[PDB]
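Scroll down for the structure; my scribbles are underneath it.
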Ligand SMILES: *[C@@H]1O[C@H](CO)[C@@H](O[C@@H]2O[C@H](CO)[C@@H](O[C@H]3O[C@H](CO[C@H]4O[C@H](CO)[C@@H](O)[C@H](O[C@H]5O[C@H](CO)[C@@H](O)[C@H](O)[C@@H]5O)[C@@H]4O)[C@@H](O)[C@H](O[C@H]4O[C@H](CO)[C@@H](O)[C@H](O)[C@@H]4O)[C@@H]3O)[C@H](O)[C@H]2NC(C)=O)[C@H](O)[C@H]1NC(C)=O
Ligand SMILES: *[C@@H]1O[C@H](CO)[C@@H](O[C@@H]2O[C@H](CO)[C@@H](O)[C@H](O)[C@H]2NC(C)=O)[C@H](O)[C@H]1NC(C)=O
Ligand SMILES: *[C@@H]1O[C@H](CO)[C@@H](O[C@@H]2O[C@H](CO)[C@@H](O)[C@H](O)[C@H]2NC(C)=O)[C@H](O)[C@H]1NC(C)=O
Ligand SMILES: *[C@@H]1O[C@H](CO)[C@@H](O[C@@H]2O[C@H](CO)[C@@H](O)[C@H](O)[C@H]2NC(C)=O)[C@H](O)[C@H]1NC(C)=O
Ligand SMILES: *[C@@H]1O[C@H](CO)[C@@H](O[C@@H]2O[C@H](CO)[C@@H](O)[C@H](O)[C@H]2NC(C)=O)[C@H](O)[C@H]1NC(C)=O
Ligand SMILES: *[C@@H]1O[C@H](CO)[C@@H](O)[C@H](O)[C@H]1NC(C)=O
Ligand SMILES: *[C@@H]1O[C@H](CO)[C@@H](O)[C@H](O)[C@H]1NC(C)=O
Ligand SMILES: *[C@@H]1O[C@H](CO)[C@@H](O)[C@H](O)[C@H]1NC(C)=O
Ligand SMILES: *[C@@H]1O[C@H](CO)[C@@H](O)[C@H](O)[C@H]1NC(C)=O
Ligand SMILES: *[C@@H]1O[C@H](CO)[C@@H](O)[C@H](O)[C@H]1NC(C)=O
Ligand SMILES: *[C@@H]1O[C@H](CO)[C@@H](O)[C@H](O)[C@H]1NC(C)=O
Ligand SMILES: *[C@@H]1O[C@H](CO)[C@@H](O)[C@H](O)[C@H]1NC(C)=O
Ligand SMILES: *[C@@H]1O[C@H](CO)[C@@H](O)[C@H](O)[C@H]1NC(C)=O
Ligand SMILES: *[C@@H]1O[C@H](CO)[C@@H](O)[C@H](O)[C@H]1NC(C)=O
Ligand SMILES: *[C@@H]1O[C@H](CO)[C@@H](O)[C@H](O)[C@H]1NC(C)=O
Ligand SMILES: *[C@@H]1O[C@H](CO)[C@@H](O)[C@H](O)[C@H]1NC(C)=O
Ligand SMILES: *[C@@H]1O[C@H](CO)[C@@H](O)[C@H](O)[C@H]1NC(C)=O
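Residue numbers (UniProt numbering), protein chains in the order written: chain A, 14 to 298; chain B, 845 to 993; chain C, 597 to 745; chain D, 1043 to 1142; chain E, 1043 to 1142; chain F, 299 to 397.
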């Protein structure tokens, strides 16, 4: 369903059908959390009335993290979980931590964004590698149940979301580094005019630019890829995987840049009447 | 055409302030700044035979300092555009895309002189701007005409 | 051939040719324009920013990620000339408004003009400096109480 | 008026150098025509607004000429023209873009 | 205004007879619409300029009416209104588009 | 013409050069880090590597390995410097002298 090229056949336990949750936290953009710096530009001691793809003030999340022990449902690959990429997504990802001889191992789930996920069109995969984040925009040949594996104390299965040992056509390939000891990671992914844009941050702040990528097509689907590990749950040291997403919308925000260029305040110009007054006069007072 | 009309109204206002005022050749505003214990020093620029006509009064200086982009501020704004001289101003980016402001045909020190002469014409012989009589006599007759004895 | 990613990067240099003080094209990280560069030290770029902007939407500075050096960008000069032309003459008189005559004789015109001076309005070519004289009617009014006769 | 040089008006970009370096000249004219029409529309609107401001400026200049001639240069038997009535006299002074 | 009928405005020609005798009715609409838009923009600009000229004409008409009422049909205690002041009298005469 | 003051256009500035920067996506190939390898195979069991999805040029290559000749075939030597291929497949081995 994700990819047609079949990879595995065992452990297709089918009966479990749990749903994505709904959080108890509205996204609040008063202190920058929910916004981003404008590509690779600097602004000093100003207010900017910026139109871009932002979240909506007062909206809730959906957890899409899936942890299997050894079993893989086909309802885990359904439009309950295979969602759509209309304008974009703002994401809040929990950074799970394991310890083998008191050595830190970070882990969370990877993410695929594409249209039909075959070897005739470009899909984007963002994948963690324990303090290293590798982004690859290529023509992968996706598995039927694309899934991942943990690497500290691993699972029984083999990590197989593609078998494409030929180095296929890649439009983008890069590596980035982040904090292993971090608590959350925030991610912006959107698309506009046939170009893909991506932003990330690890400390709670506005998210910083990762990359822009000119394609020419329109991505339509994304998927959080399910992980399979050894021991993370409550009988263990109480680790829990989370991946919260909220959609994006083309809307207007008012940003405040101090003299070193840090976003100190933002205003969603349609939350109230005072926000409309603030945004049409381009001032916070 | 709009700029021609602005030049014409500037010349008309300058014409009305000077239409029939006669002054003494022995005046000197460094010596004669007042009459009748009424002080006119803050209204007068300079005039005479040894001053140098580039002067405004006290009131005119107090008003021109609180407004930056006057006819002189525009000129010294555009003088700084070759190099920016800090980094940047809006007026140099405006003028480099074809939007300039021209100076008027009469400087504002000239209109300062024309209002100096309209002031001094009412305080000394022959009192041209006071209907021939001296200043405090004119005030007396004007208050008399309201119902005051 | 001619379809793919394994590209030869040479016929698309990326040298250290940040030549300040002159007007040059630029294609900086997607953004195109022309401008004048000037080397500086800046303290505000992070490891993901390479262009400086203002709230109007103009690009005003940048940081070359080949040399870790910061620069500021200024607009290049564009303007007109004011030609005061009297009938049956052979050449007009020229005013470059708000420009020093050193800048005009160096960076604009290298053509033979033996007469020039630096007036309050700019640089005057093909005319004599005779501001001590004065006139009461003029066809060629230049602004701020000056004229061409 | 200067901020009108950043609108696209239905074209792919607002930069002329971007259009002339990314398209082919039969397809570039279709984009430059939209920018030309939008910028000429902006200039026509500015020129009409200047033509309407100059009429108010001329009305004020004529009344200032009249107050110079009949409250400063002389005094007139009108009531409530200068001042408020019980008006005695009037002086004049030069001001940025006018007269005090 | 008559010289606006020779502009092309982006079309292939400025003649309507040339567009209608060389193209097809789906293809000639694209060319006739550009001429229509350019000529209607020309007419709108002319009408805006006429509407702004009429206000200066009416201000001159009001001052001519007032000079007839108070320098010609009678004589006024205003100083520096007509003439120069030392003004004695004034006559009026008919002129093309006005009054002497 | 009559007497007047006219506003004549002058040519004002011309840009001297071009500047360029693009911060590339893909990673280089480092062909010369393979062509200067130590263990050179013999003409029975020559190697081959497929350098694809990276960036390269020629001048740093052909001055960082001690070239003695570089011919071409079905190609022009300056058509490398522009274009964008799809992969490159370098096969090296040592040479026995009399053959
Ligand atoms: C880009 O992506 C596309 C995917 O969209 C890739 O294309 C895929 O390539 C696969 C090859 O790796 C291929 O898998 C299978 O193809 C073989 C050909 O199958 C035909 O011929 C058989 C002759 O024996 C015939 O039996 C078979 O019929 C079977 O299937 C049909 C349904 O398709 C049934 O109705 C029949 O009843 C029967 O069951 C086909 O007609 C096939 O032989 C292979 O299977 C054998 O090998 C397996 C591994 O060894 C083994 O597990 C299996 O049991 C068999 O022994 C092989 O699995 C995909 O079919 C093909 N997909 C499409 C849509 O074309 C493409 O390769 C990729 N490009 C690149 C460059 O990566
Ligand atoms: C990004 O970093 C990863 C490691 O986190 C690199 O992957 C390694 O690549 C080498 C050579 O290809 C292999 O020997 C290792 O086994 C790989 N490690 C893993 C965990 O896969 C990758 O090459 C880097 N990519 C870039 C573009 O820097
Ligand atoms: C040829 O390509 C080489 C590729 O190595 C270029 O050298 C690189 O320049 C960048 C820019 O600073 C450095 O980050 C790399 O480290 C350089 N490579 C090496 C091996 O040091 C070189 O500039 C190119 N030259 C020409 C003429 O095209
Ligand atoms: C410009 O500054 C960057 C720092 O942002 C330098 O990048 C560092 O380079 C060293 C050695 O090359 C690495 O060990 C660091 O990890 C790099 N830092 C980062 C953040 O990547 C870069 O070398 C500097 N360039 C010059 C020419 O001085
Ligand atoms: C030269 O080529 C050989 C391949 O034959 C490279 O050898 C590899 O060396 C690493 C060393 O850690 C081994 O782990 C690999 O197994 C070797 N590869 C093979 C195929 O045997 C060697 O690294 C190359 N030289 C350089 C400088 O890269
Ligand atoms: C997928 O492939 C495996 C072996 O490659 C085979 O056993 C299995 O039946 C295939 N499934 C389908 C649906 O073709
Ligand atoms: C299996 O699904 C049921 C209902 O869909 C749910 O209550 C249960 O928690 C699931 N099993 C596990 C192990 O979560
Ligand atoms: C902050 O912005 C104001 C806005 O004009 C400016 O005056 C001030 O200089 C800025 N602060 C610094 C430190 O530059
Ligand atoms: C931890 O220590 C044990 C024995 O001391 C060893 O077997 C194991 O591999 C170690 N783990 C790591 C991650 O080094
Ligand atoms: C995973 O791979 C290993 C070797 O690569 C193999 O021994 C094992 O059987 C594989 N497991 C599955 C479930 O395929
Ligand atoms: C982030 O990394 C820095 C140094 O790498 C470290 O000092 C800091 O504690 C890290 N953040 C957290 C939340 O641990
Ligand atoms: C983890 O959860 C278990 C189950 O409630 C609990 O007993 C244990 O104390 C927890 N760990 C910590 C460090 O609190
Ligand atoms: C009267 O005249 C003298 C000299 O002529 C003068 O100093 C004085 O101020 C005048 N006083 C009044 C009340 O006019
Ligand atoms: C013009 O530049 C000079 C020199 O930097 C400066 O002193 C002056 O204040 C500037 N004037 C304006 C109007 O910016
Ligand atoms: C001066 O100009 C007039 C144009 O009206 C021309 O007829 C006349 O010949 C000119 N005189 C000379 C000496 O060229
Ligand atoms: C003007 O020319 C001089 C040399 O004659 C040169 O040094 C200077 O950089 C030029 N200025 C500009 C702005 O091009
Ligand atoms: C122009 O002439 C005046 C007076 O003759 C003199 O003061 C001034 O310095 C002269 N300026 C130049 C640039 O010659």
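For every residue, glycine included, the Cβ atom is placed at its ideal position computed from N, Cα and C.
- Residues of the segment 629-657 of chain C whose Cβ lies closer than 8 Å to any Cβ of chain D, in chain order: 629, 652 and 653.
- Chain B has a Cβ within less than 8 Å of the Cβ of residue 1122/E.
- Take the alpha-carbon of residue 95/A and the one of residue 48/A: they are about 25 Å apart.
- When DSSP reads this structure, residue 55/A sits in a beta bridge with 648/C.
- Fewer than three Cβ pairs drawn from the segment 1124-1133 of chain E and the segment 656-674 of chain C lie within less than 8 Å of each other, which leaves the two stretches out of contact.
- Under the 8 Å Cβ criterion, the segment 15-29 of chain A counts as touching the segment 152-161 of chain A, having at least three qualifying pairs.
- Within the segment 331-361 of chain F, 349, 350, 351, 352, 353, 354, 355, 356 and 357 place their CB atoms closer than 8 Å to a CB of chain C, listed in sequence order.
- Put simply, of 146/A, 119/A, 114/A and 152/A the residue whose alpha carbon is nearest the alpha carbon of residue 132/A is 152/A.
- Residue 321/F sits in coil when the DSSP states are folded into three classes, being neither helix nor strand.
- Counting C-beta atoms within 10 angstroms of its own C-beta, residue 657/C has 16 or more neighbours from the protein chains shown and is therefore classed as buried.
- CA-CA distance, residue 165/A to residue 1072/D, rounds to 59 Å.
- Taking 7 Å as the Cβ-Cβ cut-off, the segment 1099-1122 of chain D approaches chain B at 1100, 1103, 1106, 1107, 1110, 1111, 1114, 1115, 1116 and 1117, given in chain order.
- Residues lining ligand 13 by the Cβ criterion, that is a Cβ closer than 7 Å to any of its heavy atoms, are 880/B, 881/B and 980/B in chain order.
- Taking C-alpha positions only, residue 188/A is separated from residue 141/A by approximately 10 Å.
- Think of a sphere of 8 Å around the beta carbon of residue 1140/E: no beta carbon from chain B falls inside it, the nearest being about 17 Å out.
- A distance filter of 6 Å between CB atoms and the heavy atoms of ligand 16 selects the following residues in sequence order: 617/C, 618/C, 702/C and 703/C.
- Residue 1113/E sits buried, since 16 or more C-beta atoms from the chains shown fall within 10 Å of its C-beta.
- Taking C-beta separations shorter than 6 Å and ignoring five residues to either side along the sequence, the partners of residue 936/B in its chain run 925, following chain order.
- Rounded to the nearest angstrom, the gap between the Cα atoms of residue 1057/D and residue 42/A is 33 Å.
- With a beta-carbon spacing of about 26 Å, residue 181/A and residue 89/A fall beyond the 8 Å limit used to define contacts.
- Straight through space, the alpha carbons of residue 295/A and residue 1051/E are spaced by roughly 39 Å.
- Each residue's CA atom was taken as its position, placing residue 933/B and residue 1045/D some 15 Å apart.
- Membership of residue 1080/E in the alpha helix (DSSP H) is indicated by the continuous run 1067-1109.
- In the DSSP assignment, residue 185/A falls within the unbroken beta strand (DSSP E) covering 183-190.
- Restricting attention to 1133/D, 1106/D, 1074/D and 1099/D, the CA atom closest to the CA of residue 847/B is found in 1099/D.
- Taking the Cβ of residue 331/F as the reference point, at least one heavy atom of ligand 5 falls within a distance shorter than 7 Å.
- The straight-line gap separating the alpha-carbon atoms of residue 1075/E and residue 1085/E is approximately 15 Å.
- For the segment 359-393 of chain F, residues whose beta-carbon sits nearer than 8 Å to a beta-carbon of chain C comprise 378, 379, 380, 381, 382, 383, 384, 385 and 386.
- Each of 102/A, 232/A, 196/A and 217/A was checked against the Cα of residue 253/A, and the nearest Cα belongs to 196/A.
- Residues of the segment 689-705 of chain C that bring their beta carbon within less than 8 Å of a beta carbon in chain B comprise 693, 694, 695, 696 and 699, in sequence order.
- Of all residues in the segment 263-279 of chain A, those with a C-beta nearer than 7 Å to a C-beta of chain C are 273 and 274, reading in chain order.
- Three or more Cβ pairs closer than 8 Å define a contact, and the segment 852-870 of chain B meets that threshold against the segment 950-966 of chain B.
- Relative to the Cα of residue 80/A, the nearest Cα in the group 246/A, 137/A and 21/A belongs to 246/A.
- Around the CB of residue 1043/D, fewer than 16 other CB atoms lie within 10 Å, so the residue is classed as exposed.
- Judged by DSSP secondary structure, residue 257/A falls within the beta strand (DSSP E) whose first and last residues are 256-260.
- With a contact defined as Cβ atoms closer than 8 Å, residue 887/B and residue 1135/D qualify at about 7 Å.
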